[PDB]
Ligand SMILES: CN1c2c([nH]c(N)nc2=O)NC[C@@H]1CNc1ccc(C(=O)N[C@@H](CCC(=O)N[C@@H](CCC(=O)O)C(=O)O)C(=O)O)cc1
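Starting off, we have a lone chain in the form solved without this ligand, written out as structure tokens.
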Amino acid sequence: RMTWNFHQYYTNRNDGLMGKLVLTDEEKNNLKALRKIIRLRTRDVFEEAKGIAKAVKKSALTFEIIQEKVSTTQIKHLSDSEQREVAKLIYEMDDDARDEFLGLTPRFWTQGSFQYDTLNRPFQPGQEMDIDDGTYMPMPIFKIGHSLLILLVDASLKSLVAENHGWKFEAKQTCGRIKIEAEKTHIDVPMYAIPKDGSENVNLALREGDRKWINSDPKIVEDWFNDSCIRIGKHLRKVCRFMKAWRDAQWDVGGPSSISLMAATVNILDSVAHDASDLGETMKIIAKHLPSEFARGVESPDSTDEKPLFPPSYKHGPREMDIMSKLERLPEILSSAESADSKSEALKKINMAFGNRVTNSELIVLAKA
């Protein structure tokens, strides 16, 4: 029968969905610049703290003098009690802890969609691009305190926020965050302890709760996804972008996580025949199978995760039910677009899935299927 084809609608890098979703080089460079600012300040803060520790190694300074020294560094941007705590922790170090600290130089690695190239331009007002730049503290396997490390990273991020109008700090359970509302951007800074020189010894720092650390190596997800792209093909990054774009269009705030969409989509494309020469059909195939993937619970590609990426249906409350509803509707949307009574209606319908981003109906062509 006659059908509308959406392959260019999806893939066209001029003004198709890929063209609308991929960051411009100016945006990508802006994110790399922001990343560099954070990394340099974090390096500096640790050097400033280490300078104080060096002074105390040389002579057992009074608490008051150590406090004075702290107040001249970037740590002056923490609260008074936090400054006290930093000075107290430096004061309380024994020779071994201090020697270990003097040998610590933070390292950095970006995780998430900036790293494996699936970061979309944000859609709705309020939505922001994220760059996830982790800070890594090489230490003996378990020697340098959870409290001090978090205070120093917080000092770095808070000192930058104090110097830049329109920057805000947010403490999250798994990271420090700088939000730049006007740039529709935030940078997330998770902190890890790793061995000094094996994913079992990569420990993510948690801010509050019964645990200070949890073993969660972001490299596991990065390698899993990069390997999946190689295995499945160049269309995997594209259809993950498209599913994330659908999520951004259906929910202002909320919806399924990006990682849950990636995991379910990889599962489907590993197991169901599809055709990269028609990403319209491929998206319909993915859409038909996502509800079953999500209803049974979406497993993490990291087997050590304590919970699935999305819960099985007997655990659903209103939010998961809403996500299932939208997932169920998606293949119907795509099917209806395919059989629309005109090109303009085909576009209107498929944009009910991905939002009114693509406006060029010449990317939709009359086909047979």
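Residue numbers here begin at 1 and follow the sequence given. Residues that one form lacks are left out of the comparison. For clarity, a rigid core is taken as the largest C-alpha set superposing within 1.5 Å between two forms.
Below: the form deposited with this ligand bound, not depicted.
Student: If we take heavy atoms and a 4.5 Å cut-off, which stretch out of 273 to 281, 159 to 167, 145 to 153, 216 to 224 is in contact with this ligand in the deposited bound form?
Tutor: Every other range fails; the passing one is 216 to 224.
Student: Looking at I194, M93, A87, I268, which is the one with a non-hydrogen atom within 4.5 Å of this ligand in the deposited bound form?
Tutor: Contact with this ligand in the deposited bound form is made by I194 alone.
Student: Considering non-hydrogen atoms and a 4.5 Å limit, does this ligand approach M321 in the deposited bound form?
Tutor: Output for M321 is no: heavy atoms all beyond 4.5 Å of this ligand.
Student: Quick one: is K212 in contact with this ligand in the deposited bound form, heavy atoms, 4.5 Å cut-off?
Tutor: Contact with this ligand, no.
Student: Even though this ligand is not shown here, does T185 get within 4.5 Å of it in the deposited bound form, heavy atoms only?
Tutor: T185: no contact with this ligand in the deposited bound form.
Student: With a cut-off of 4.5 Å between heavy atoms, is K288 one of the residues that contacts this ligand in the deposited bound form?
Tutor: No, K288 sits far enough from this ligand in the deposited bound form that none of its heavy atoms falls within 4.5 Å.
Student: I want to make sure I read this right: if the two forms are fitted on their rigid core, which of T265, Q111, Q74, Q250 has a C-alpha displacement of 2 angstroms or more between the shown form and the other one?
Tutor: Single residue meeting the criterion: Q111.
Student: With a change of at least 3 Å, which way does the C-alpha separation between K284 and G112 go in the deposited bound form: closer or farther?
Tutor: Farther apart, by at least 3 Å.
Student: At a change of 3 Å or more, would you call the C-alpha separation of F242 and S113 in the deposited bound form closer or farther than in the form supplied?
Tutor: Here the pair is closer than in the deposited bound form; there, farther apart.
Student: Rigid core superposed, please list the runs of 3+ consecutive shared residues whose C-alphas all move by 2 Å or more between the shown form and the other one.
Tutor: 110 to 113 is the only stretch that shifts between the shown form and the other one.
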